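Asks: Structure in structure tokens, see below.
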Amino acid sequence: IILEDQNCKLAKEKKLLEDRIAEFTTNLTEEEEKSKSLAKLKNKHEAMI
Amino acid sequence: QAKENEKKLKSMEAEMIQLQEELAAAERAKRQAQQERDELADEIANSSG
């Protein structure tokens, strides 16, 4: 139970990190999508401005 | 008297046997705590650290 308790709490870390790393990586790329999307749309304003 | 004296030996063995019951559990507690005092400690520096 003591060993399983540590593994139980430690297993959540590996699962949380694996699940958080997927969201953290997507979060970093989300700014690129918004920046690239806004940059492309901003280019139209630059050509118009 | 040999049989009577032998009864005291088996009776006294209960003390040594009883002490071994608590000694085995107490000694085993150090192994369980050491396995958690070091495993979680190393992980605490990675998760909490």
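Residue numbers start at 1 in each chain; chains themselves are named A, B, ... in the order of the structure tokens; ligands are numbered from 1 in the order shown.
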Could the residues of chain B within 7 Å of chain A, counting only C-alpha atoms, be given as an MDAnalysis selection string, please?

Replies: chainID B and resid 32 36 40

Asks: Selected residues, C-alpha atoms, written as an mmCIF file, in the first residue's frame, please.

Replies:
```cif
data_model
loop_
_atom_site.group_PDB
_atom_site.id
_atom_site.type_symbol
_atom_site.label_atom_id
_atom_site.label_comp_id
_atom_site.auth_asym_id
_atom_site.auth_seq_id
_atom_site.Cartn_x
_atom_site.Cartn_y
_atom_site.Cartn_z
ATOM 1 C CA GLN B 32 8.765 1.155 3.714
ATOM 2 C CA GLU B 36 9.087 6.534 0.398
ATOM 3 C CA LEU B 40 9.064 10.821 -3.008
#
```
